[PDB]
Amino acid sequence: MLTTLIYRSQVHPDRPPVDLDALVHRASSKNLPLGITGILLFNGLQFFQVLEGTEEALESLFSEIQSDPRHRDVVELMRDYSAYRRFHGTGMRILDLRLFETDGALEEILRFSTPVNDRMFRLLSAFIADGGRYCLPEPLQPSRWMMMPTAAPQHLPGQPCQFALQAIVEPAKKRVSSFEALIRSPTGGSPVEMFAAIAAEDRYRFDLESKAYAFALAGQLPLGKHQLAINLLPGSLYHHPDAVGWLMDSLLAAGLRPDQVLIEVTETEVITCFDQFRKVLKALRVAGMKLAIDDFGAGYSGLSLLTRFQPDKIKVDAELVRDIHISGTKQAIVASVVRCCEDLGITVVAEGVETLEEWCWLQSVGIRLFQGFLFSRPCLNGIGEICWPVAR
């Protein structure tokens, strides 16, 4: 089974130059007996390599390549099965693009390779035309940042539920943007643990009802000028005819403003019925409450949803964040949600941010609002401690 692997990487710019003639010859000598072929592209700052061979030969080679100190920021762009070798007879071969006139490098490629409808070919072009695009800038290296560190956890009695709060942060302004309320059982357990105790047919009712205790928690904080974010299933919003009006009454009694309350609905559940949700949407807009699409990029129905309606906020799902520093796929998609939301005036939050590596690459694709264990953990009935990225 033939397979194609493509990645891009960067040189260490303050270190002595790597002898690439030696690298490439040694590589070509090693690749061909093992049934590995392909090319290397160098532009002065970045590498771009295509590899062809069996799944097993490429995996073992790429592990060595990943851990090679002679470059950094290895980002995979393509891993897929292949119909034929595009570089038959070429173990390895470098093209220094700086030695080439316009179109010249591509025309050399085409003369030893074995045409514009190919995914490998289009990416090559894309690297030659604009390689420095998803290059991680020097200030935004994870090694040039440092996370720096008191919460008051409290049990509230006489309550059928309680809530933890997680900060959504804007590290560029060292500012809390908003807090998300996350439901907990009476004994501090998970959302699942909470809803499992409630009878199945009362779960929509309970979901709506429980929000009153989150508003109360926001009121006694006393929150001030920060937004409150709240997870509701669409079905909970259809429970009572005046579910929106009840939310309003409840949040005002907690001393909150409507523009201060934001509703989080999951991407998968909105696409179920646009007929009944739009009546709720209209009620939320008229009342002044804001809407967010939670876990965007997970439930398949992505960016075309904006044709039907536009939320105030979009929360990028954790799956798009996991290993976004090594995935070109994820980088491209996330960066396209950013740019689309910027033109539409939609707030973008990245979720499940756990590592400096994740924060840096997300910052480099243009995300400013962040939510994750890296910055802030859920804190039962209070504001938890917040960690900020500090420069080096």
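Here, rigid core means the biggest group of C-alpha atoms that superpose within 1.5 Å across both forms. The numbering used is simple: start at 1 and walk along the sequence shown.
Rigid core fits of the other structures in 4 other deposited structures of this protein place the C-alpha atoms of one stretch farther away on average; of 50 to 58 and 329 to 337, that stretch is 50 to 58.
Comparing the two stretches 86 to 94 and 309 to 317 by root mean square C-alpha distance in 4 other deposited structures of this protein, with all structures fitted on the core, the more displaced one is 86 to 94. Compared with other deposited structures of the same protein, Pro149 meets the criterion of being unmodelled in at least one third of those that resolve residues on both sides. Where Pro149 is followed by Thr150 in the displayed chain, the model omits 1 to 3 of the deposited residues that sit between the two.
Unmodelled stretch separating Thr114 from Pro115: 4 to 9 residues (count of deposited-sequence residues without coordinates). Averaged over Cα atoms, the B-factor as recorded in the entry is higher for 12 to 20 than for the other of 12 to 20 and 368 to 376. Taking the PDB entry as given, 156 to 164 carries the higher mean Cα B factor of the two stretches 156 to 164 and 208 to 216. Comparing the C-alpha B-factors of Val270, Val75, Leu95, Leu320 in the entry, the top value falls on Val270. Between the residues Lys174, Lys315, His240, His71, it is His240 that shows the highest Cα B-factor in the PDB record. Sort the modelled residues of the chain by CA B factor and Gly89 lands in the middle third.
Compared with the other modelled residues of the chain, the Cα B-factor recorded for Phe296 ranks in the highest third. Annotation for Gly245: CA B-factor lies in the middle third of the chain's modelled residues.
Ranked by Cα temperature factor within the chain, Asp118 sits in the highest third according to the deposited record. Among the modelled residues of its chain, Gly104 has a C-alpha B-factor that falls in the highest third according to the deposited record.
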